[PDB]
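> Input query.tsv, format and content: TSV, N, CA and C atoms.
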```tsv
chain	number	residue	atom	x	y	z
A	17	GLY	N	178.32	165.22	92.06
A	17	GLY	CA	178.12	163.91	91.38
A	17	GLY	C	177.25	164.11	90.14
A	18	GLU	N	176.07	164.64	90.30
A	18	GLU	CA	175.18	164.86	89.12
A	18	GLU	C	174.70	166.31	89.08
A	19	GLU	N	174.04	166.70	88.02
A	19	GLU	CA	173.54	168.10	87.91
A	19	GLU	C	173.01	168.59	89.26
A	20	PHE	N	172.46	167.70	90.04
A	20	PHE	CA	171.93	168.10	91.37
A	20	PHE	C	172.62	167.31	92.48
A	21	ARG	N	172.39	167.66	93.72
A	21	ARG	CA	173.07	166.93	94.84
A	21	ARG	C	172.28	165.69	95.27
A	22	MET	N	171.02	165.85	95.55
A	22	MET	CA	170.21	164.68	96.00
A	22	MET	C	169.80	163.81	94.81
A	23	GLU	N	169.31	162.63	95.08
A	23	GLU	CA	168.89	161.74	93.97
A	23	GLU	C	167.48	162.09	93.50
A	24	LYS	N	166.80	162.97	94.19
A	24	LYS	CA	165.43	163.35	93.74
A	24	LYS	C	165.54	164.36	92.60
A	25	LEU	N	166.43	165.31	92.70
A	25	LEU	CA	166.60	166.29	91.60
A	25	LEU	C	167.34	165.61	90.46
A	26	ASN	N	168.29	164.78	90.80
A	26	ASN	CA	169.04	164.05	89.75
A	26	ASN	C	168.08	163.15	88.97
A	27	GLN	N	167.32	162.36	89.67
A	27	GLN	CA	166.35	161.45	89.01
A	27	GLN	C	165.29	162.25	88.23
A	28	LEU	N	164.85	163.35	88.76
A	28	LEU	CA	163.82	164.15	88.04
A	28	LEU	C	164.39	164.73	86.74
A	29	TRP	N	165.52	165.37	86.82
A	29	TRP	CA	166.14	165.96	85.61
A	29	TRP	C	166.44	164.87	84.58
A	30	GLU	N	167.22	163.89	84.95
A	30	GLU	CA	167.53	162.80	83.98
A	30	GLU	C	166.23	162.23	83.44
A	31	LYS	N	165.25	162.07	84.29
A	31	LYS	CA	163.94	161.54	83.81
A	31	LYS	C	163.48	162.42	82.64
A	32	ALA	N	163.44	163.70	82.85
A	32	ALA	CA	163.05	164.63	81.76
A	32	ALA	C	163.85	164.30	80.50
A	33	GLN	N	165.14	164.13	80.64
A	33	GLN	CA	165.97	163.80	79.44
A	33	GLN	C	165.41	162.54	78.78
A	34	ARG	N	164.97	161.59	79.56
A	34	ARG	CA	164.41	160.34	78.98
A	34	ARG	C	163.09	160.65	78.28
A	35	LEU	N	162.37	161.64	78.75
A	35	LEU	CA	161.08	161.99	78.08
A	35	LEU	C	161.34	162.63	76.72
A	36	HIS	N	162.59	162.82	76.37
A	36	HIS	CA	162.93	163.43	75.05
A	36	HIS	C	162.45	164.88	74.96
A	37	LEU	N	162.14	165.51	76.06
A	37	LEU	CA	161.69	166.93	75.98
A	37	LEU	C	162.63	167.70	75.05
A	38	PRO	N	162.17	168.81	74.54
A	38	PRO	CA	163.03	169.65	73.67
A	38	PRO	C	164.05	170.37	74.56
A	39	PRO	N	164.94	171.11	73.95
A	39	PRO	CA	165.97	171.83	74.74
A	39	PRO	C	165.33	172.91	75.62
A	40	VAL	N	164.63	173.83	75.03
A	40	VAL	CA	163.97	174.90	75.84
A	40	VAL	C	163.26	174.27	77.04
A	41	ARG	N	162.65	173.14	76.81
A	41	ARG	CA	161.92	172.44	77.90
A	41	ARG	C	162.87	171.98	78.99
A	42	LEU	N	163.94	171.34	78.62
A	42	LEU	CA	164.91	170.87	79.65
A	42	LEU	C	165.62	172.08	80.26
A	43	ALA	N	165.52	173.21	79.63
A	43	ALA	CA	166.18	174.43	80.18
A	43	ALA	C	165.30	175.01	81.29
A	44	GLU	N	164.03	175.19	81.02
A	44	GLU	CA	163.13	175.72	82.07
A	44	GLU	C	163.06	174.70	83.21
A	45	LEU	N	162.97	173.45	82.86
A	45	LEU	CA	162.93	172.39	83.89
A	45	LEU	C	164.20	172.45	84.73
A	46	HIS	N	165.34	172.42	84.09
A	46	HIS	CA	166.62	172.49	84.85
A	46	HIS	C	166.61	173.71	85.77
A	47	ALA	N	166.08	174.81	85.31
A	47	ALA	CA	166.03	176.02	86.17
A	47	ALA	C	165.18	175.73	87.41
A	48	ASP	N	164.07	175.06	87.22
A	48	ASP	CA	163.18	174.74	88.38
A	48	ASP	C	163.84	173.70	89.28
A	49	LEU	N	164.70	172.87	88.75
A	49	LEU	CA	165.36	171.85	89.61
A	49	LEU	C	166.46	172.51	90.41
A	50	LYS	N	167.11	173.48	89.83
A	50	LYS	CA	168.19	174.17	90.57
A	50	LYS	C	167.56	174.99	91.69
A	51	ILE	N	166.51	175.71	91.38
A	51	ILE	CA	165.83	176.50	92.44
A	51	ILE	C	165.28	175.54	93.49
A	52	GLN	N	164.68	174.46	93.06
A	52	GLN	CA	164.14	173.47	94.03
A	52	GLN	C	165.31	172.81	94.77
A	53	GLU	N	166.47	172.81	94.17
A	53	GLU	CA	167.65	172.20	94.85
A	53	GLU	C	168.07	173.10	96.01
A	54	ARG	N	168.44	174.32	95.72
A	54	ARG	CA	168.84	175.25	96.80
A	54	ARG	C	167.73	175.30	97.86
A	55	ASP	N	166.50	175.22	97.42
A	55	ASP	CA	165.36	175.25	98.38
A	55	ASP	C	165.28	173.94	99.16
A	56	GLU	N	165.70	172.86	98.56
A	56	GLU	CA	165.64	171.54	99.26
A	56	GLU	C	166.78	171.39	100.27
A	57	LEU	N	167.92	171.96	100.02
A	57	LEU	CA	169.02	171.84	101.00
A	57	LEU	C	168.81	172.89	102.08
A	58	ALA	N	168.54	174.10	101.66
A	58	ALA	CA	168.27	175.17	102.65
A	58	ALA	C	167.13	174.71	103.54
A	59	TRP	N	166.07	174.23	102.95
A	59	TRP	CA	164.96	173.75	103.78
A	59	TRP	C	165.43	172.52	104.56
A	60	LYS	N	166.18	171.66	103.94
A	60	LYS	CA	166.66	170.48	104.68
A	60	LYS	C	167.32	170.97	105.96
A	61	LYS	N	167.88	172.15	105.92
A	61	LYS	CA	168.47	172.71	107.15
A	61	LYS	C	167.31	173.06	108.06
A	62	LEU	N	166.28	173.63	107.48
A	62	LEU	CA	165.07	173.96	108.27
A	62	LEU	C	164.53	172.70	108.95
A	63	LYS	N	163.93	171.82	108.19
A	63	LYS	CA	163.37	170.56	108.76
A	63	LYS	C	164.35	169.92	109.75
A	64	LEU	N	165.59	169.76	109.37
A	64	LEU	CA	166.57	169.13	110.30
A	64	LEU	C	166.64	169.90	111.62
A	65	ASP	N	166.55	171.20	111.57
A	65	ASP	CA	166.62	172.01	112.82
A	65	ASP	C	165.21	172.21	113.41
A	66	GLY	N	164.20	171.78	112.71
A	66	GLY	CA	162.81	171.95	113.24
A	66	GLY	C	162.27	173.33	112.85
A	67	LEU	N	162.40	173.70	111.61
A	67	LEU	CA	161.90	175.03	111.16
A	67	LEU	C	160.54	174.90	110.50
A	68	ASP	N	160.36	173.89	109.69
A	68	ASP	CA	159.05	173.72	109.01
A	68	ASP	C	158.05	173.02	109.94
A	69	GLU	N	158.05	173.36	111.20
A	69	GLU	CA	157.09	172.71	112.14
A	69	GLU	C	155.65	173.00	111.71
A	70	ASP	N	155.47	173.92	110.80
A	70	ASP	CA	154.09	174.25	110.34
A	70	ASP	C	153.80	173.55	109.01
A	71	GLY	N	154.82	173.15	108.30
A	71	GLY	CA	154.60	172.46	106.99
A	71	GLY	C	154.48	173.51	105.88
A	72	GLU	N	154.91	174.71	106.14
A	72	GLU	CA	154.82	175.77	105.10
A	72	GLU	C	156.09	175.77	104.24
A	73	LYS	N	157.24	175.83	104.86
A	73	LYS	CA	158.51	175.82	104.08
A	73	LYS	C	158.59	174.53	103.25
A	74	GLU	N	158.54	173.40	103.90
A	74	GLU	CA	158.60	172.11	103.15
A	74	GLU	C	157.44	172.04	102.15
A	75	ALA	N	156.35	172.69	102.45
A	75	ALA	CA	155.18	172.66	101.53
A	75	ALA	C	155.54	173.33	100.20
A	76	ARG	N	156.23	174.44	100.26
A	76	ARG	CA	156.61	175.13	99.00
A	76	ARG	C	157.41	174.18	98.11
A	77	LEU	N	158.22	173.35	98.71
A	77	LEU	CA	159.02	172.38	97.91
A	77	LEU	C	158.08	171.40	97.22
A	78	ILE	N	157.04	171.00	97.89
A	78	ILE	CA	156.07	170.04	97.29
A	78	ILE	C	155.36	170.70	96.10
A	79	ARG	N	154.88	171.91	96.27
A	79	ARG	CA	154.19	172.59	95.15
A	79	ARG	C	155.15	172.81	93.98
A	80	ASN	N	156.39	173.12	94.26
A	80	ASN	CA	157.38	173.33	93.16
A	80	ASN	C	157.61	172.02	92.42
A	81	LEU	N	157.82	170.96	93.14
A	81	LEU	CA	158.05	169.64	92.48
A	81	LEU	C	156.82	169.27	91.65
A	82	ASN	N	155.66	169.59	92.14
A	82	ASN	CA	154.42	169.29	91.38
A	82	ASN	C	154.32	170.23	90.17
A	83	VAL	N	154.85	171.41	90.30
A	83	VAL	CA	154.81	172.38	89.17
A	83	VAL	C	155.68	171.86	88.03
A	84	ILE	N	156.88	171.44	88.34
A	84	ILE	CA	157.78	170.88	87.30
A	84	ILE	C	157.16	169.60	86.77
A	85	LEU	N	156.83	168.70	87.65
A	85	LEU	CA	156.19	167.43	87.23
A	85	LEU	C	154.89	167.74	86.50
A	86	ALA	N	154.35	168.90	86.72
A	86	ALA	CA	153.09	169.29	86.03
A	86	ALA	C	153.43	169.85	84.65
A	87	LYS	N	154.59	170.43	84.52
A	87	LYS	CA	155.01	171.00	83.20
A	87	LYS	C	155.63	169.90	82.34
A	88	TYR	N	156.05	168.83	82.94
A	88	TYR	CA	156.69	167.73	82.17
A	88	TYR	C	156.03	166.40	82.51
A	89	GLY	N	155.02	166.42	83.33
A	89	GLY	CA	154.36	165.14	83.72
A	89	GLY	C	155.45	164.11	84.01
A	90	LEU	N	156.56	164.56	84.55
A	90	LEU	CA	157.68	163.62	84.84
A	90	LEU	C	157.27	162.62	85.92
A	91	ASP	N	156.36	162.99	86.78
A	91	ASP	CA	155.91	162.05	87.85
A	91	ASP	C	154.57	162.52	88.43
A	92	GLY	N	153.64	162.86	87.58
A	92	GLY	CA	152.31	163.32	88.07
A	92	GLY	C	151.22	162.77	87.16
A	93	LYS	N	150.05	162.55	87.69
A	93	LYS	CA	148.95	162.01	86.84
A	93	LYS	C	148.07	163.15	86.32
A	94	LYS	N	148.17	163.44	85.05
A	94	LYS	CA	147.33	164.53	84.47
A	94	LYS	C	146.53	164.00	83.28
A	95	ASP	N	146.84	162.80	82.86
A	95	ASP	CA	146.12	162.19	81.71
A	95	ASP	C	144.69	161.81	82.12
A	96	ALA	N	143.72	162.24	81.37
A	96	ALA	CA	142.31	161.89	81.72
A	96	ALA	C	141.77	160.83	80.76
A	97	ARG	N	142.64	160.15	80.07
A	97	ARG	CA	142.18	159.10	79.11
A	97	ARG	C	143.31	158.10	78.83
```
Please express what this file holds, its structure, as structure tokens.


Amino acid sequence: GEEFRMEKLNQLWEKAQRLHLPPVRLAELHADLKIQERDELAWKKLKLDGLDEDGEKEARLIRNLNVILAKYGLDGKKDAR
């Protein structure tokens, strides 16, 4: 349907496009969304089967989403003024 399968990667990427980021920027971001995508479905298999019972696998997905959102402030608070 969209560059990504879930609406979280789709909404994040398109969001970046709305931020008017430059091309190189949407390129590194898209790379992080694709890696976070395969990691979100593969992990979705984990959580669904009870693999991230420790919160480590699903945790890596959280840090990655914060890394992208941290590189594009697409959904993170970094402004101190």

> Write out as a VMD selection string the residues lying within 10 Å of residue 28 of chain A, counting only C-alpha atoms and excluding same-chain residues fewer than 5 positions away.

chain A and resid 20 23 33 to 34 45 to 46 49 81 84 to 85 88 90 to 91

> Take the residues from that selection and put them in a file with N, CA and C atoms, as an mmCIF file, keeping the file's coordinate frame.


```cif
data_model
loop_
_atom_site.group_PDB
_atom_site.id
_atom_site.type_symbol
_atom_site.label_atom_id
_atom_site.label_comp_id
_atom_site.auth_asym_id
_atom_site.auth_seq_id
_atom_site.Cartn_x
_atom_site.Cartn_y
_atom_site.Cartn_z
ATOM 1 N N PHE A 20 172.460 167.700 90.040
ATOM 2 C CA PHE A 20 171.930 168.100 91.370
ATOM 3 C C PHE A 20 172.620 167.310 92.480
ATOM 4 N N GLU A 23 169.310 162.630 95.080
ATOM 5 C CA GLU A 23 168.890 161.740 93.970
ATOM 6 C C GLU A 23 167.480 162.090 93.500
ATOM 7 N N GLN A 33 165.140 164.130 80.640
ATOM 8 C CA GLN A 33 165.970 163.800 79.440
ATOM 9 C C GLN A 33 165.410 162.540 78.780
ATOM 10 N N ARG A 34 164.970 161.590 79.560
ATOM 11 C CA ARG A 34 164.410 160.340 78.980
ATOM 12 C C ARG A 34 163.090 160.650 78.280
ATOM 13 N N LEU A 45 162.970 173.450 82.860
ATOM 14 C CA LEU A 45 162.930 172.390 83.890
ATOM 15 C C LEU A 45 164.200 172.450 84.730
ATOM 16 N N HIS A 46 165.340 172.420 84.090
ATOM 17 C CA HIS A 46 166.620 172.490 84.850
ATOM 18 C C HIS A 46 166.610 173.710 85.770
ATOM 19 N N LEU A 49 164.700 172.870 88.750
ATOM 20 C CA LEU A 49 165.360 171.850 89.610
ATOM 21 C C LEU A 49 166.460 172.510 90.410
ATOM 22 N N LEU A 81 157.820 170.960 93.140
ATOM 23 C CA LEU A 81 158.050 169.640 92.480
ATOM 24 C C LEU A 81 156.820 169.270 91.650
ATOM 25 N N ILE A 84 156.880 171.440 88.340
ATOM 26 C CA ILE A 84 157.780 170.880 87.300
ATOM 27 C C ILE A 84 157.160 169.600 86.770
ATOM 28 N N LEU A 85 156.830 168.700 87.650
ATOM 29 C CA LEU A 85 156.190 167.430 87.230
ATOM 30 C C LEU A 85 154.890 167.740 86.500
ATOM 31 N N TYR A 88 156.050 168.830 82.940
ATOM 32 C CA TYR A 88 156.690 167.730 82.170
ATOM 33 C C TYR A 88 156.030 166.400 82.510
ATOM 34 N N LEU A 90 156.560 164.560 84.550
ATOM 35 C CA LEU A 90 157.680 163.620 84.840
ATOM 36 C C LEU A 90 157.270 162.620 85.920
ATOM 37 N N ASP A 91 156.360 162.990 86.780
ATOM 38 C CA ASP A 91 155.910 162.050 87.850
ATOM 39 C C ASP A 91 154.570 162.520 88.430
#
```

> Could you give me, as a PyMOL selection string, the residues within 12 Å of residue 50 of chain A, counting only C-alpha atoms and dropping anything in the same chain fewer than 5 positions from it?

chain A and resi 18-22+24-26+28-29+42-45+55-57+77+80-81+84

> Calculate how many Å separate atom C of residue 32 of chain A from atom C of residue 48 of chain A, rounding to one decimal.

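One can read the atom C of residue 32 of chain A to atom C of residue 48 of chain A distance as 12.9 Å.
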
> Going by DSSP on the backbone, which residues of chain A come out as helix (DSSP H, G or I)? List them as a count of residues only.

55

> To one decimal place, how far is atom C of residue 27 of chain A from atom C of residue 95 of chain A in Å?

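Going from atom C of residue 27 of chain A over to atom C of residue 95 of chain A, I get 21.5 Å.
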
> Just how far from atom CA of residue 65 of chain A is atom N of residue 86 of chain A, in Å to one decimal?

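Those two atoms sit 29.0 Å apart.
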
> Which centre and which edge lengths, in Å to one decimal, describe the axis-aligned box that holds all listed atoms of segment 54-68 of chain A after 4 Å is added on each side, as lines of an AutoDock Vina configuration file?


```
center_x = 163.5
center_y = 172.2
center_z = 104.6
size_x = 19.0
size_y = 14.2
size_z = 25.7
```
